[PDB]
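Chemist: Here it is, the structure, as structure tokens.
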């Protein structure tokens, strides 16, 4: 049907912000997903401060 | 990193 504007959401898992979901911002992608949204630890949100997104990190490929 | 988390449960400890 008629389209207005093309936009996206956080987690690569197609899910908007939910104060029940905790995120981590793609250091290189600049976006967020639920820790598990990308298969990461839970506390990974706190014990973290150098996390990168898998969508962006993919380019870094270590 | 740009960790995006929440802490609504916490109020604010003086220390």
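These residue numbers are counts, starting from 1, taken along the chain as shown.
Technique stated in the header: solution NMR.
Just so it is clear, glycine is given a Cβ too, placed from its N, Cα and C backbone atoms.
What Swiss-Prot records for this protein is below:
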MOD_RES   B:4  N6,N6-dimethyllysine
MOD_RES   B:4  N6-methyllysine
MOD_RES   B:4  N6,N6,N6-trimethyllysine
MOD_RES   B:9  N6-acetyllysine
MOD_RES   B:9  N6-methyllysine
MOD_RES   B:10  phosphoserine
MOD_RES   B:14  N6-acetyllysine
MOD_RES   B:14  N6,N6-dimethyllysine
Chemist: For each of B:4, B:14, count the other CB atoms within 10 A of its CB; which of these modified residues has the top count?
Modeler: B:4
Chemist: In angstrom units, rounded to an integer, how far apart are the Cα atoms of residue B:14 (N6-acetyllysine) and residue B:4 (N6,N6-dimethyllysine)?
Modeler: 23
Chemist: Under 8 Å Cβ-Cβ to chain A, which of the modified residues B:4, B:9, B:10, B:14?
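Modeler: Of B:4, B:9, B:10, B:14, the entries that lie near chain A are B:4.
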